[PDB]
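**Student:** The following file, data_20.cif, comprises mmCIF, C-alpha atoms:
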```
data_data
loop_
_atom_site.label_atom_id
_atom_site.label_comp_id
_atom_site.auth_asym_id
_atom_site.auth_seq_id
_atom_site.Cartn_x
_atom_site.Cartn_y
_atom_site.Cartn_z
CA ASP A 1 121.12 91.81 86.74
CA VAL A 2 123.02 92.49 89.99
CA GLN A 3 122.80 89.91 92.75
CA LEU A 4 123.76 90.65 96.35
CA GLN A 5 124.11 88.20 99.20
CA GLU A 6 124.81 88.79 102.89
CA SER A 7 126.73 86.26 104.99
CA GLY A 8 127.73 86.16 108.64
CA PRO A 9 126.52 84.91 112.01
CA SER A 10 122.87 84.33 112.95
CA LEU A 11 123.41 84.79 116.64
CA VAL A 12 125.81 87.04 118.53
CA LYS A 13 126.20 88.01 122.19
CA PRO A 14 125.99 91.49 123.73
CA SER A 15 129.23 93.49 123.27
CA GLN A 16 130.42 91.25 120.40
CA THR A 17 131.26 92.96 117.11
CA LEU A 18 128.83 91.93 114.37
CA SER A 19 130.68 91.40 111.12
CA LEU A 20 128.89 90.81 107.81
CA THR A 21 129.93 90.31 104.21
CA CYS A 22 128.06 91.41 101.12
CA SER A 23 129.03 89.52 97.95
CA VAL A 24 128.10 91.35 94.75
CA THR A 25 127.80 89.52 91.39
CA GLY A 26 127.17 91.14 87.97
CA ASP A 27 128.28 94.73 88.62
CA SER A 28 131.47 96.33 89.96
CA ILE A 29 131.75 98.04 93.36
CA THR A 30 134.47 100.43 92.04
CA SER A 31 131.67 102.35 90.31
CA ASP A 32 128.29 103.47 91.70
CA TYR A 33 127.42 103.24 95.44
CA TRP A 34 126.67 100.39 97.88
CA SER A 35 124.58 100.35 101.07
CA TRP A 36 123.71 98.63 104.33
CA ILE A 37 120.16 98.92 105.57
CA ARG A 38 118.43 97.09 108.42
CA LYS A 39 114.86 96.14 109.25
CA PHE A 40 113.93 95.74 112.94
CA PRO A 41 111.55 92.95 113.89
CA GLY A 42 108.78 95.54 114.44
CA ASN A 43 109.32 96.49 110.75
CA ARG A 44 111.11 99.84 111.24
CA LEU A 45 113.73 100.52 108.54
CA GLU A 46 117.07 102.20 109.22
CA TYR A 47 119.64 103.32 106.64
CA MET A 48 123.01 102.35 108.23
CA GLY A 49 125.53 103.72 105.71
CA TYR A 50 127.01 103.45 102.23
CA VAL A 51 130.39 103.39 100.49
CA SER A 52 131.04 105.33 97.27
CA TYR A 53 132.93 104.12 94.17
CA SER A 54 136.18 105.56 95.64
CA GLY A 55 135.65 104.15 99.13
CA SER A 56 134.22 107.20 100.86
CA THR A 57 131.86 106.01 103.61
CA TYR A 58 128.82 107.60 105.19
CA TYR A 59 127.38 106.46 108.55
CA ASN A 60 124.04 107.10 110.22
CA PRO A 61 124.77 109.16 113.37
CA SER A 62 122.23 106.90 115.12
CA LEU A 63 125.00 104.32 115.11
CA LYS A 64 127.06 106.52 117.44
CA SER A 65 130.37 105.66 115.75
CA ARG A 66 129.98 101.86 116.24
CA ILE A 67 129.90 101.24 112.51
CA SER A 68 132.65 100.61 109.98
CA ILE A 69 132.15 99.89 106.29
CA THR A 70 135.07 98.49 104.29
CA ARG A 71 135.57 96.81 100.92
CA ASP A 72 137.66 94.25 99.08
CA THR A 73 137.45 95.30 95.43
CA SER A 74 139.50 92.25 94.32
CA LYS A 75 136.57 90.00 95.35
CA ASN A 76 133.75 92.48 94.64
CA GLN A 77 132.74 92.35 98.30
CA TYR A 78 132.08 94.88 100.95
CA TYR A 79 131.74 94.60 104.69
CA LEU A 80 129.87 95.87 107.70
CA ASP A 81 131.34 95.88 111.21
CA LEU A 82 129.08 96.97 114.04
CA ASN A 83 130.74 97.24 117.49
CA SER A 84 129.37 96.73 120.98
CA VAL A 85 126.08 95.18 119.91
CA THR A 86 123.09 95.04 122.26
CA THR A 87 119.56 93.55 121.92
CA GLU A 88 118.65 96.84 120.15
CA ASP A 89 120.67 95.49 117.18
CA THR A 90 118.54 92.41 116.53
CA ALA A 91 117.43 93.00 112.92
CA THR A 92 117.52 91.77 109.40
CA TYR A 93 120.62 93.20 107.70
CA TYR A 94 120.47 93.99 103.98
CA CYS A 95 123.08 95.06 101.55
CA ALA A 96 121.64 96.99 98.61
CA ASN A 97 122.68 98.91 95.55
CA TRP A 98 122.30 102.56 96.38
CA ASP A 99 119.62 103.08 93.68
CA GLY A 100 117.33 100.67 95.54
CA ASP A 101 116.50 98.23 92.73
CA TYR A 102 118.69 95.39 93.94
CA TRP A 103 118.76 94.12 97.50
CA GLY A 104 120.19 91.05 99.16
CA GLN A 105 117.80 88.49 100.60
CA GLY A 106 118.79 89.83 104.00
CA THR A 107 120.31 88.07 106.95
CA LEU A 108 118.55 87.97 110.30
CA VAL A 109 120.96 88.59 113.21
CA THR A 110 119.69 88.05 116.74
CA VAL A 111 121.56 89.53 119.72
CA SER A 112 121.00 87.56 122.89
CA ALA A 113 122.57 86.70 126.21
CA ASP B 1 117.80 114.60 110.77
CA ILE B 2 114.79 114.68 108.46
CA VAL B 3 111.76 113.07 110.08
CA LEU B 4 109.28 111.41 107.75
CA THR B 5 105.78 111.01 109.15
CA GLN B 6 103.36 108.59 107.53
CA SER B 7 99.62 108.90 108.11
CA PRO B 8 97.47 107.09 108.86
CA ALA B 9 99.58 104.27 110.35
CA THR B 10 96.85 101.79 109.35
CA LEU B 11 94.37 102.01 106.48
CA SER B 12 91.79 99.31 105.93
CA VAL B 13 90.39 99.23 102.38
CA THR B 14 88.12 97.02 100.29
CA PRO B 15 89.71 95.56 97.11
CA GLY B 16 88.94 97.63 93.97
CA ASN B 17 88.68 100.91 95.89
CA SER B 18 91.44 103.52 95.56
CA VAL B 19 93.72 104.77 98.34
CA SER B 20 96.11 107.65 98.99
CA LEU B 21 98.99 107.16 101.42
CA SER B 22 100.62 110.22 103.00
CA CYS B 23 104.28 110.94 103.73
CA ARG B 24 105.25 114.30 105.23
CA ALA B 25 108.75 115.58 105.76
CA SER B 26 109.91 117.76 108.69
CA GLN B 27 111.79 120.02 106.23
CA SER B 28 111.81 120.32 102.42
CA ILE B 29 113.32 117.38 100.53
CA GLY B 30 112.64 118.56 96.93
CA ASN B 31 111.58 115.49 94.96
CA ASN B 32 114.05 113.19 96.66
CA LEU B 33 111.45 110.90 98.18
CA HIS B 34 111.03 107.20 97.29
CA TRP B 35 108.34 104.64 98.02
CA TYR B 36 108.77 100.98 98.99
CA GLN B 37 106.37 98.10 99.53
CA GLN B 38 107.22 95.70 102.37
CA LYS B 39 105.83 92.19 102.73
CA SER B 40 106.84 89.38 105.12
CA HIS B 41 110.42 88.20 105.37
CA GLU B 42 111.38 89.87 102.09
CA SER B 43 113.47 92.89 101.22
CA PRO B 44 111.58 96.11 100.54
CA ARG B 45 110.44 96.49 96.93
CA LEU B 46 110.97 99.87 95.21
CA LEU B 47 107.69 101.24 93.76
CA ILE B 48 108.32 104.90 92.89
CA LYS B 49 111.52 106.97 92.75
CA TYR B 50 111.99 110.76 92.98
CA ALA B 51 108.42 111.41 94.10
CA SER B 52 106.66 110.59 90.84
CA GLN B 53 109.03 108.47 88.72
CA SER B 54 107.37 105.25 87.50
CA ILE B 55 109.60 102.22 87.16
CA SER B 56 109.80 99.12 84.98
CA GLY B 57 107.82 96.10 86.14
CA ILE B 58 105.73 97.87 88.81
CA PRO B 59 101.97 97.72 88.06
CA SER B 60 100.55 100.93 86.58
CA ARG B 61 98.02 101.28 89.44
CA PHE B 62 100.86 102.65 91.62
CA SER B 63 101.76 106.33 91.17
CA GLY B 64 103.38 109.03 93.30
CA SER B 65 102.82 112.77 93.56
CA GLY B 66 104.00 115.62 95.75
CA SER B 67 107.07 117.71 96.37
CA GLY B 68 108.78 119.66 99.18
CA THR B 69 107.21 118.35 102.41
CA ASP B 70 103.98 116.65 101.26
CA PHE B 71 103.93 113.37 99.29
CA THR B 72 101.25 110.84 98.33
CA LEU B 73 101.37 107.28 97.05
CA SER B 74 98.17 106.52 95.18
CA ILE B 75 96.97 103.03 94.39
CA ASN B 76 94.16 102.97 91.89
CA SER B 77 91.78 100.03 92.44
CA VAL B 78 93.68 98.21 95.25
CA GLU B 79 94.26 94.43 94.80
CA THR B 80 94.65 91.94 97.67
CA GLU B 81 98.32 91.36 96.92
CA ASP B 82 98.81 95.10 97.57
CA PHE B 83 97.96 94.64 101.24
CA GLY B 84 101.08 94.96 103.38
CA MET B 85 103.41 97.76 104.53
CA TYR B 86 104.43 100.93 102.67
CA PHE B 87 107.43 103.11 103.57
CA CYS B 88 108.69 106.38 102.21
CA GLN B 89 112.43 107.20 102.27
CA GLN B 90 114.16 110.53 101.65
CA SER B 91 117.58 110.88 99.95
CA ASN B 92 117.80 114.69 100.11
CA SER B 93 120.20 114.81 103.05
CA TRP B 94 122.39 112.50 105.05
CA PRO B 95 121.38 110.53 107.02
CA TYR B 96 118.75 109.06 104.71
CA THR B 97 115.61 108.33 106.72
CA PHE B 98 112.44 106.28 106.40
CA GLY B 99 108.91 107.01 107.46
CA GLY B 100 107.36 104.78 110.11
CA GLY B 101 105.19 103.02 107.54
CA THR B 102 101.53 102.59 106.70
CA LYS B 103 99.99 99.17 106.91
CA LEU B 104 97.37 98.53 104.26
CA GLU B 105 94.78 95.95 105.50
CA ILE B 106 91.68 94.27 103.96
CA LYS B 107 88.59 95.90 105.45
#
```
Could the structure of this file be written out as structure tokens, please?

**Tutor:**
Amino acid sequence: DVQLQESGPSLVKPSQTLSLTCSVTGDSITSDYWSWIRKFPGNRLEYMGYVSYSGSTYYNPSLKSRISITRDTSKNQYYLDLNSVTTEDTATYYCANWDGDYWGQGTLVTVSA
Amino acid sequence: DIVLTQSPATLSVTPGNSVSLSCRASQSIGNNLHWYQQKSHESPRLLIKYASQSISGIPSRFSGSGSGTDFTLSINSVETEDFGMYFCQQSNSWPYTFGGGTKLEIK
């Protein structure tokens, strides 16, 4: 099976850029489609974006252009950068395969002064 | 964007009774509607794809029906480990969006 794992900070300050890594094992990111999804502490789910097999990225307009998704095929990893974070960005960040079967364990990121 | 509305937001049921959970879309999404179960501090778990598609490993008591703008997740004879949150998600148009969820509680 595919395994996905997010890594990155647990705590960031307002206006910092939040940068996360998703490490994928057991399937290649140069085929299929790969996603970032977050769960707010009140349980609301938001689809942030995804990157296609050829590197084409799609972003939720809710993110008002603060989001970048990139990849490093040589390590089977992809990345999320989210600029100018505020307390509204406290959430659990998941990477997932775009079919929805395989998700990371999620990483909780808290934004605080 | 497509707005998914889930009603009711809370349903309390007694174990062994059946339930129907509603997800309505603001515009037509064909069959491109998926259902997830959500329990504490875990990733969402996929239950049903493409409105009615059953998937390996998910108990047979879960099924989905509907099309267009009106969808239902049915759980036949609810079990206590089914209590928790349920979300629908459309993939018909970007951005993909989730309903606000229905919490299933023990009556």

**Student:** Using only C-alpha atoms, collect all residues at a distance of at most 10 Å from (89.7, 105.1, 97.8) as written in the file, then present them as a list in words.

**Tutor:**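 Residues lying no farther than 10 Å from the given point: residues 13, 14, 15, 16, 17, 18, 19, 20, 74, 75, 76, 77 and 78 of chain B.
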
**Student:** Go ahead and write the residues just picked, C-alpha atoms, as a tab-separated table (two decimals), keeping the file's coordinate frame.

**Tutor:**
```
chain	number	residue	atom	x	y	z
B	13	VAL	CA	90.39	99.23	102.38
B	14	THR	CA	88.12	97.02	100.29
B	15	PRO	CA	89.71	95.56	97.11
B	16	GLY	CA	88.94	97.63	93.97
B	17	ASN	CA	88.68	100.91	95.89
B	18	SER	CA	91.44	103.52	95.56
B	19	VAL	CA	93.72	104.77	98.34
B	20	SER	CA	96.11	107.65	98.99
B	74	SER	CA	98.17	106.52	95.18
B	75	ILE	CA	96.97	103.03	94.39
B	76	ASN	CA	94.16	102.97	91.89
B	77	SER	CA	91.78	100.03	92.44
B	78	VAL	CA	93.68	98.21	95.25
```

**Student:** Counting only C-alpha atoms, which residues of chain B come no farther than 12 Å from chain A, as a PDB file with C-alpha atoms, in the coordinates of the input?

**Tutor:**
```pdb
ATOM      1  CA  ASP B   1     117.800 114.600 110.770  1.00  0.00           C
ATOM      2  CA  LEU B   4     109.280 111.410 107.750  1.00  0.00           C
ATOM      3  CA  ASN B  32     114.050 113.190  96.660  1.00  0.00           C
ATOM      4  CA  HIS B  34     111.030 107.200  97.290  1.00  0.00           C
ATOM      5  CA  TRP B  35     108.340 104.640  98.020  1.00  0.00           C
ATOM      6  CA  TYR B  36     108.770 100.980  98.990  1.00  0.00           C
ATOM      7  CA  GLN B  37     106.370  98.100  99.530  1.00  0.00           C
ATOM      8  CA  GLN B  38     107.220  95.700 102.370  1.00  0.00           C
ATOM      9  CA  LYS B  39     105.830  92.190 102.730  1.00  0.00           C
ATOM     10  CA  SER B  40     106.840  89.380 105.120  1.00  0.00           C
ATOM     11  CA  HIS B  41     110.420  88.200 105.370  1.00  0.00           C
ATOM     12  CA  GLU B  42     111.380  89.870 102.090  1.00  0.00           C
ATOM     13  CA  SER B  43     113.470  92.890 101.220  1.00  0.00           C
ATOM     14  CA  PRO B  44     111.580  96.110 100.540  1.00  0.00           C
ATOM     15  CA  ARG B  45     110.440  96.490  96.930  1.00  0.00           C
ATOM     16  CA  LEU B  46     110.970  99.870  95.210  1.00  0.00           C
ATOM     17  CA  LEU B  47     107.690 101.240  93.760  1.00  0.00           C
ATOM     18  CA  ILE B  48     108.320 104.900  92.890  1.00  0.00           C
ATOM     19  CA  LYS B  49     111.520 106.970  92.750  1.00  0.00           C
ATOM     20  CA  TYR B  50     111.990 110.760  92.980  1.00  0.00           C
ATOM     21  CA  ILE B  55     109.600 102.220  87.160  1.00  0.00           C
ATOM     22  CA  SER B  56     109.800  99.120  84.980  1.00  0.00           C
ATOM     23  CA  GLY B  57     107.820  96.100  86.140  1.00  0.00           C
ATOM     24  CA  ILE B  58     105.730  97.870  88.810  1.00  0.00           C
ATOM     25  CA  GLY B  84     101.080  94.960 103.380  1.00  0.00           C
ATOM     26  CA  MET B  85     103.410  97.760 104.530  1.00  0.00           C
ATOM     27  CA  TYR B  86     104.430 100.930 102.670  1.00  0.00           C
ATOM     28  CA  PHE B  87     107.430 103.110 103.570  1.00  0.00           C
ATOM     29  CA  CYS B  88     108.690 106.380 102.210  1.00  0.00           C
ATOM     30  CA  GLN B  89     112.430 107.200 102.270  1.00  0.00           C
ATOM     31  CA  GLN B  90     114.160 110.530 101.650  1.00  0.00           C
ATOM     32  CA  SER B  91     117.580 110.880  99.950  1.00  0.00           C
ATOM     33  CA  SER B  93     120.200 114.810 103.050  1.00  0.00           C
ATOM     34  CA  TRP B  94     122.390 112.500 105.050  1.00  0.00           C
ATOM     35  CA  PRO B  95     121.380 110.530 107.020  1.00  0.00           C
ATOM     36  CA  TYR B  96     118.750 109.060 104.710  1.00  0.00           C
ATOM     37  CA  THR B  97     115.610 108.330 106.720  1.00  0.00           C
ATOM     38  CA  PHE B  98     112.440 106.280 106.400  1.00  0.00           C
ATOM     39  CA  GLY B  99     108.910 107.010 107.460  1.00  0.00           C
ATOM     40  CA  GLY B 100     107.360 104.780 110.110  1.00  0.00           C
ATOM     41  CA  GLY B 101     105.190 103.020 107.540  1.00  0.00           C
ATOM     42  CA  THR B 102     101.530 102.590 106.700  1.00  0.00           C
ATOM     43  CA  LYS B 103      99.990  99.170 106.910  1.00  0.00           C
TER      44      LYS B 103
END
```

**Student:** Taking the file above as input, evaluate the PyMOL selection byres ((chain A and resi 15-18) around 6) and report the hits as a list in words.

**Tutor:**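 Taken on the displayed file, the PyMOL selection byres ((chain A and resi 15-18) around 6) yields the residues residues 13, 14, 19, 81, 82, 83, 84 and 85 of chain A.
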
**Student:** List the residues matched by the PyMOL selection byres ((chain A and resi 74) around 12) in the displayed structure as a ChimeraX atom specification, ordered by chain and then by residue number.

**Tutor:** /A:23-24,28-30,71-73,75-78

**Student:** For the atom pair atom CA of residue 26 of chain B and atom CA of residue 51 of chain A, what is the interatomic distance in Å to one decimal place?

**Tutor:**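 Atom CA of residue 51 of chain A lies at a distance of 26.3 Å from atom CA of residue 26 of chain B.
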
**Student:** Find the distance between atom CA of residue 2 of chain A and atom CA of residue 52 of chain A and write it in Å to one decimal.

**Tutor:**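 Atom-to-atom, atom CA of residue 2 of chain A to atom CA of residue 52 of chain A, that is 16.8 Å.
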
**Student:** Between atom CA of residue 33 of chain B and atom CA of residue 79 of chain B, what is the spacing in Å?

**Tutor:**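 One can read the atom CA of residue 79 of chain B to atom CA of residue 33 of chain B distance as 24.0 Å.
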
**Student:** Write out as a ChimeraX atom specification the residues lying within 9 Å of residue 1 of chain A, counting all atoms listed in the file and excluding same-chain residues fewer than 4 positions away.

**Tutor:** /A:25-27,102

**Student:** List as number ranges by chain the protein and nucleic acid residues near residue 98 of chain A, meaning an atom at most 9 Å away when only C-alpha atoms are counted, but skip any in the same chain fewer than 5 places from it.

**Tutor:** A: 32-36, 50

**Student:** Can you tell me, as a ChimeraX atom specification, what residues are no more than 7 Å from residue 22 of chain B when counting all atoms listed in the file, ignoring any on the same chain fewer than 2 positions away?

**Tutor:** /B:6-7,20,24,71-73

**Student:** Could you take the residues named above and write them with C-alpha atoms, as a PDB file, in the frame of the given file?

**Tutor:**
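Here's the written file selection-v1.pdb:
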```
ATOM      1  CA  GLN B   6     103.360 108.590 107.530  1.00  0.00           C
ATOM      2  CA  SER B   7      99.620 108.900 108.110  1.00  0.00           C
ATOM      3  CA  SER B  20      96.110 107.650  98.990  1.00  0.00           C
ATOM      4  CA  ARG B  24     105.250 114.300 105.230  1.00  0.00           C
ATOM      5  CA  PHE B  71     103.930 113.370  99.290  1.00  0.00           C
ATOM      6  CA  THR B  72     101.250 110.840  98.330  1.00  0.00           C
ATOM      7  CA  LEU B  73     101.370 107.280  97.050  1.00  0.00           C
TER       8      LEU B  73
END
```

**Student:** Please expand the PyMOL selection byres ((chain A and resi 109) around 7) into the concrete residues it hits in this file, giving the result as a PyMOL selection string.

**Tutor:** chain A and resi 9-11+90-92+107-108+110-111

**Student:** Please report, as AutoDock Vina command-line options, the centre and edge lengths in Å to one decimal of an axis-aligned box covering all listed atoms of segment 56-72 of chain B with 3 Å per side.

**Tutor:**
```
--center_x 103.9 --center_y 107.9 --center_z 93.7 --size_x 17.8 --size_y 29.6 --size_z 23.4
```
